[PDB]
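Novice: Below are the structure tokens for one structure; questions will follow.
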RNA sequence: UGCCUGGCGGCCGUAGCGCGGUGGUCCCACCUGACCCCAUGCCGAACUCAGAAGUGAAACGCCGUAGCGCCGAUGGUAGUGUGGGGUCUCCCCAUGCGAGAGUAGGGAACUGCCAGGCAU
RNA sequence: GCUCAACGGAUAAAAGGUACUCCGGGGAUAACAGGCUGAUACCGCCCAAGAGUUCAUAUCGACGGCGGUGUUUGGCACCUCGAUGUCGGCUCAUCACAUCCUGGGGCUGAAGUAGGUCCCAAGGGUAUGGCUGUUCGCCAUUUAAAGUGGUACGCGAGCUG
RNA sequence: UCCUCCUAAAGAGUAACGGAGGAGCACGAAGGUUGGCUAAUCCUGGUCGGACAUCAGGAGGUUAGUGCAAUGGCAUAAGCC
RNA sequence: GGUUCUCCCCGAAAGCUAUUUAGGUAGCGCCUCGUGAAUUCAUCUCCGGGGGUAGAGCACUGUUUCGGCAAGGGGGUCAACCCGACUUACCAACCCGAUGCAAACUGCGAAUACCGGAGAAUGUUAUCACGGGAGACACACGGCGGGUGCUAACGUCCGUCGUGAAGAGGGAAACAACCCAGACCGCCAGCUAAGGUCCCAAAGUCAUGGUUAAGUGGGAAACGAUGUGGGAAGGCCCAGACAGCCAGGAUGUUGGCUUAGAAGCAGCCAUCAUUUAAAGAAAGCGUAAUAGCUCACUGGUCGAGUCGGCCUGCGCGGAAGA
Ligand SMILES: [Mg+2]
Ligand SMILES: [Mg+2]
Ligand SMILES: [Mg+2]
Ligand SMILES: [Mg+2]
Ligand SMILES: [Mg+2]
Ligand SMILES: [Mg+2]
Ligand SMILES: [Mg+2]
Ligand SMILES: [Mg+2]
Ligand SMILES: [Mg+2]
Ligand SMILES: [Mg+2]
Ligand SMILES: [Mg+2]
Ligand SMILES: [Mg+2]
Ligand SMILES: [Mg+2]
Ligand SMILES: [Mg+2]
Ligand SMILES: [Mg+2]
Ligand SMILES: [Mg+2]
Ligand SMILES: [Mg+2]
Ligand SMILES: [Mg+2]
Ligand SMILES: [Mg+2]
Ligand SMILES: [Mg+2]
Ligand SMILES: [Mg+2]
Ligand SMILES: [Mg+2]
Ligand SMILES: [Mg+2]
Ligand SMILES: [Mg+2]
Ligand SMILES: [Mg+2]
Ligand SMILES: [Mg+2]
Ligand SMILES: [Mg+2]
Ligand SMILES: [Mg+2]
Ligand SMILES: [Mg+2]
Ligand SMILES: [Mg+2]
Ligand SMILES: [Mg+2]
Ligand SMILES: [Mg+2]
Ligand SMILES: [Mg+2]
Ligand SMILES: [Mg+2]
Ligand SMILES: [Mg+2]
Ligand SMILES: [Mg+2]
Ligand SMILES: [Mg+2]
Ligand SMILES: [Mg+2]
Ligand SMILES: [Mg+2]
Ligand SMILES: [Mg+2]
Ligand SMILES: [Mg+2]
Ligand SMILES: [Mg+2]
Ligand SMILES: [Mg+2]
Ligand SMILES: [Mg+2]
Ligand SMILES: [Mg+2]
Ligand SMILES: [Mg+2]
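Residue numbers (PDB author numbering), protein chains in the order written: chain V, 1 to 94; chain A, 7 to 85; chain M, 1 to 136.
So, in structure tokens, the structure goes:
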């Protein structure tokens, strides 16, 4: 269903986040459970298209990171103050 | 034309921390000048008439937060 | 025009309106008009926009004015010199940051909301945009 | 050496409130009465000085409760010291420092002296 | 023993006018001008409750907003106080077009004559007298009009006062 | 003339005919020591007694108080006998 | 106001305090010379401490919106005189749940700024004390955080740095405060920074892919419109997408109306119901009003591309002064 092909964040920081947002992407975090949190980089348009659907914040989502499928839920989302953009998205591991 | 009120002011008393902690002081040296007891006297520290903390023995000035109310205390380490 | 009933002090400094907004999402109604630029909205402008949207929707729902004019702006009388105190209070404005929601509503359909906010936005200097409430 | 109790401290908001019911062989509290020697600007409401008839009823203390108060990551955001810029009442980039609040989570305190009463 | 409060306190002991004025200075500091900004001034534009027999645009337009000129009233004191004569009137004109007429058109709640508004267009023209020193204005009579501005609010080494 | 807050840019200091308020005192106790004590507000019951006193219990913990204007403090109490 | 021969070295200020003082003066801050002095001072790294300003928030002091708990009032719809059935484009204490604002609000809280302790490297002791001599207390601009003003001024008041004052050269046409860069002298020597390489005027009419048709470049806003590329996302699809055009487009029914004749072009309400092969008491409309047309809704031909909302760069009009 709601599948997201993510990657691994190489560098973290304000400049890295700005570059990711300028490169038609955005950072995100997967935390919860006992495993260490994982920083991921998502494409903007494909996630923006799924964000319109109301099921995105209600049903489970599948994230493929280097071939390892993980079931996560859209815990919280940060959006641009005055633009249809996604700043940062949290994912509870479940 | 016109007139305006509240043109008065007062001279600053030059309060604040003088030794800033971590310095070597002498007996009778004033550490902090303040209106209220923001910093309380600790070890080898006396309280003045105007709540001024003066060291009674040469040593090191140390800032710590002790007490049930998390109040700041000035301590003189006589090393 | 709306203004605070009383204040601790009559005059305030000019200040600077820099930063980002605080309330950037609709939490009361379903549709919202939010400022995209930067400026200072006045009580007269807010009242004019409220009247315009109310008469456009025929009060077929509810209206929320998120912002509130609370900053007193003073101007000196004409033909006077400089100094001699601060000028008397003239009006009241509300500092506006980009992304802040200005007006909120619900009940009305999407077409009616967008046709009412379209004419209510022309009464404000700051450019605005139309948004709909989402699930978080 | 392990049980709980008392006194003095460290640590003073994961160390504090609400709910459930236990503790007395010890220690504490409740309590008896009181001319003393002391006391109430009226009364043993408080200090006390003579004690153990009873009770753990209020306290005090102990065990669990996630209803609260709190501690609070990673990531993200706001801010900025330097240099370089734009459309300059404000913003962009290269750099380090990176908050507050809110999530995930943690949680029904640890600990040092003697002083006894307990099984050993 | 001093509200020496003008409070680091001239002496125990102190108010004004000068257009009859004079001296040394300042554009460090004003008034007329020039420069800078445009609150105010003029003009243009944006959305639309309506007026308009129904009908928002033929004409207007509340509640609000965004702009242009420097164009009145305003702010600064940047050139000038070892001198830049400012009001008004006569003669002499230029330039701008936000055009009074003439010229060419659109819409009209434009039947015709005659009107309202808007665009282009500066080639030319655009009063005479009473009142007060006038600018402004009132009135009387004509014209197509007796249009708005800048030119040190033009011009006194061109004239009066 | 002096003091309190902000402008005053997280040491000190820092201007305007800036925004806001006070001071030209009182006290032989309103000081020293010792001992003891802890409100503002609200709820319930009660003879006048009442939106209000003097009482008894409870909610709350400094939201009271500082001889004074403001700031900083005060429970060991700087608050009250 | 003026102050007359030369060279070398160093080299500021227009700030604080007081002043019948504000354009003067005195002390200090700043400068020069001489004598002494300590790893004295400065940069960088590590360590300790104070913050309470940005930012953030509403635990406190003020302000403010919508909800529930509520006492309920004010024109009642209805009686039309009623208790008022009841909510009447209204207001409404605490208590809770959210949403904002504050220089004189902080349960929290940075960077930088400042002090001290330790360490290498560098700097002509650049640091401090005293004595001789001054000068000076009219600063301006730009960057940064601000008061005041209109977040207007080549306006004014504060704090830091740079510049000029006290400074030549190159660049922006000229243009002290912008940028690069610090002029011992002489050179028919090379390199580079700001800034450019079509000619004035010196060096790419250089190379690789795109945008611009406005000369945008080479002034400006709200707003407005199939200019033009890009990015996704939509819906209509040979079960034939959209516009031609061939045609239909009805009755009870001149619908209660209101009258003007009203039958859609004066009206509140109606677009109820036969066939709906299809079929709006009809949106335009001449008009005293119909009596007429077209379109809405469809099927007759086609035959592959369409329909309108966002993130984007350039461009267009708003744009009129002597
Ligand atoms: Mg950065
Ligand atoms: Mg019990
Ligand atoms: Mg982080
Ligand atoms: Mg944090
Ligand atoms: Mg948190
Ligand atoms: Mg005397
Ligand atoms: Mg004097
Ligand atoms: Mg003279
Ligand atoms: Mg001068
Ligand atoms: Mg002048
Ligand atoms: Mg001049
Ligand atoms: Mg009408
Ligand atoms: Mg002329
Ligand atoms: Mg014209
Ligand atoms: Mg001519
Ligand atoms: Mg000709
Ligand atoms: Mg003229
Ligand atoms: Mg002349
Ligand atoms: Mg300070
Ligand atoms: Mg005591
Ligand atoms: Mg030199
Ligand atoms: Mg003088
Ligand atoms: Mg020397
Ligand atoms: Mg500072
Ligand atoms: Mg000397
Ligand atoms: Mg000297
Ligand atoms: Mg001075
Ligand atoms: Mg002077
Ligand atoms: Mg000078
Ligand atoms: Mg200065
Ligand atoms: Mg400066
Ligand atoms: Mg500034
Ligand atoms: Mg300026
Ligand atoms: Mg000046
Ligand atoms: Mg000079
Ligand atoms: Mg130069
Ligand atoms: Mg030069
Ligand atoms: Mg070369
Ligand atoms: Mg090169
Ligand atoms: Mg270069
Ligand atoms: Mg260059
Ligand atoms: Mg170039
Ligand atoms: Mg070239
Ligand atoms: Mg050449
Ligand atoms: Mg352009
Ligand atoms: Mg343009």
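Quick reminder that beta carbons are idealized off the backbone N, C-alpha and C, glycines included.
Hey, could you find the ends of the beta strand (DSSP E) residue 105 of chain M is sitting in?
Specialist: Per DSSP, residue 105 of chain M belongs to the beta strand (DSSP E) from 101-106.
Novice: For residue 57 of chain V, name the three-state secondary structure that DSSP assigns.
Specialist: Note: residue 57 of chain V maps to helix in three-state DSSP.
Novice: Using a Cβ-Cβ cut-off of less than 7 Å, give me the residues of the segment 83-105 of chain M that come near chain A, in sequence order.
Specialist: Those would be 84, 85, in chain order.
Novice: Counting along the chain, where does the alpha helix (DSSP H) carrying residue 21 of chain V start and finish?
Specialist: Run containing residue 21 of chain V: 14-22, per the alpha helix (DSSP H) assignment.
Novice: Are any of the Cβ atoms in chain V nearer than 9 Å to that of residue 20 of chain M?
Specialist: Yes, because at least one Cβ of chain V sits closer than 9 Å to the Cβ of residue 20 of chain M.
Novice: What in chain M is Cβ-close to residue 10 of chain A, meaning under 8 Å?
Specialist: Under the 8 Å cutoff, chain M gives 84, 85, 86.
Novice: Determine the burial state of residue 52 of chain V: buried for a count of at least 16 other Cβ atoms within 10 Å of its Cβ, exposed for fewer.
Specialist: It is exposed - the Cβ of residue 52 of chain V has fewer than 16 other Cβ atoms within 10 Å.
Novice: Verify whether the separation of the beta carbon atoms of residue 106 of chain A and residue 72 of chain A is less than 9 Å.
Specialist: The first residue shown for chain A is 7 and the last is 85, placing residue 106 of chain A beyond what the model contains.
Novice: Tell me where the alpha helix (DSSP H) around residue 46 of chain A begins and ends.
Specialist: No alpha helix (DSSP H) contains residue 46 of chain A, which is instead part of the beta strand (DSSP E) from 45-47.
Novice: Indicate the three-state DSSP secondary structure (helix, strand or coil) for residue 4 of chain V in the structure shown.
Specialist: Three-state result, residue 4 of chain V: strand.
Novice: Output the boundary residues of the alpha helix (DSSP H) element that contains residue 13 of chain M.
Specialist: Looking at the DSSP string, residue 13 of chain M is not in any alpha helix (DSSP H), and its letter there is neither H nor E.
Novice: Assign residue 97 of chain M to one of two classes, buried (16 or more other C-beta atoms within 10 Å of its C-beta) or exposed (fewer than that).
Specialist: Under this definition residue 97 of chain M is a buried residue.
Novice: Can you confirm whether residue 135 of chain M, when its beta carbon is compared against all beta carbons of chain A, has any partner nearer than 9 Å?
Specialist: Not one chain A Cβ lies under 9 Å of residue 135 of chain M.
Novice: Please list, in chain order, all residues of the same chain as residue 71 of chain M whose beta carbon is under 7 Å from its beta carbon, the five residues on each side excluded.
Specialist: Once the five neighbours on either side are set aside, the close Cβ partners of residue 71 of chain M are 12, 92, 93, 94, 95.
Novice: Tell me, please, which residues DSSP counts as bridged to residue 69 of chain A.
Specialist: According to DSSP, which records beta bridges pairwise, residue 69 of chain A is partnered with A/80.
Novice: Anything in chain V within Cβ reach of residue 34 of chain M, meaning under 8 Å, just list it in chain order.
Specialist: Near residue 34 of chain M (Cβ distances below 8 Å), the residues of chain V are 82.
Novice: Cβ atoms of residue 56 of chain M and residue 115 of chain M: under 9 Å apart, would you say?
Specialist: Contact flag set, yes.
Novice: Give the secondary structure of residue 25 of chain V by DSSP, where H, G and I count as helix, E and B as strand, and everything else as coil.
Specialist: Reduced to three states, the DSSP call for residue 25 of chain V is strand.
Novice: Give the C-beta separation of residue 41 of chain V and residue 7 of chain V to the nearest angstrom, bearing in mind that I take them to be a contact with Cβ-Cβ under 8 Å.
Specialist: Yes, they are in contact, since the Cβ atoms of residue 41 of chain V and residue 7 of chain V sit about 5 Å apart, within 8 Å.
Novice: Using a Cβ cut-off of 9 Å (strictly closer), state whether residue 10 of chain M contacts chain A.
Specialist: Not one chain A Cβ lies under 9 Å of residue 10 of chain M.
Novice: Taking buried to mean at least 16 other C-beta atoms within 10 Å of its own C-beta, is residue 56 of chain V buried or exposed?
Specialist: Flag for residue 56 of chain V reads buried.
Novice: Report the three-state DSSP secondary structure of residue 20 of chain A (helix, strand or coil).
Specialist: Residue state, collapsed to three classes: coil.
Novice: Report all residues from its chain with a CB closer than 7 Å to the CB of residue 87 of chain V; omit the five preceding and five following residues, and keep chain order.
Specialist: Within the same chain, residue 87 of chain V has close Cβ partners 26, 78, 79, 80.
Novice: Looking at chain M, is there any beta carbon in it that lies within less than 9 Å of the beta carbon of residue 16 of chain V?
Specialist: Residue 16 of chain V does not count as touching chain M.
Novice: Between A/14, A/77, A/13, which has its C-alpha nearest residue 47 of chain A's C-alpha?
Specialist: Taking only the C-alpha atoms, the option nearest residue 47 of chain A is A/77.
Novice: What are the residues of the segment 43-54 of chain V that lie near chain M, defined by any Cβ-Cβ distance shorter than 7 Å?
Specialist: Residues passing the 7 Å Cβ filter: 54.
Novice: Where does the unbroken alpha helix (DSSP H) through residue 44 of chain V begin, and where does it stop?
Specialist: Taken as a continuous stretch (DSSP letters only), the alpha helix (DSSP H) holding residue 44 of chain V covers 44-52.
Novice: Determine the DSSP secondary structure at residue 124 of chain M, reduced to helix, strand or coil.
Specialist: The answer is coil: DSSP assigns residue 124 of chain M none of H, G, I, E or B.
Novice: Does DSSP put residue 31 of chain A in a helix, a strand or coil?
Specialist: Residue 31 of chain A falls in the strand class under three-state DSSP.
Novice: Specify the secondary structure class of residue 2 of chain M as computed by DSSP and reduced to three states.
Specialist: Three-state result, residue 2 of chain M: coil.
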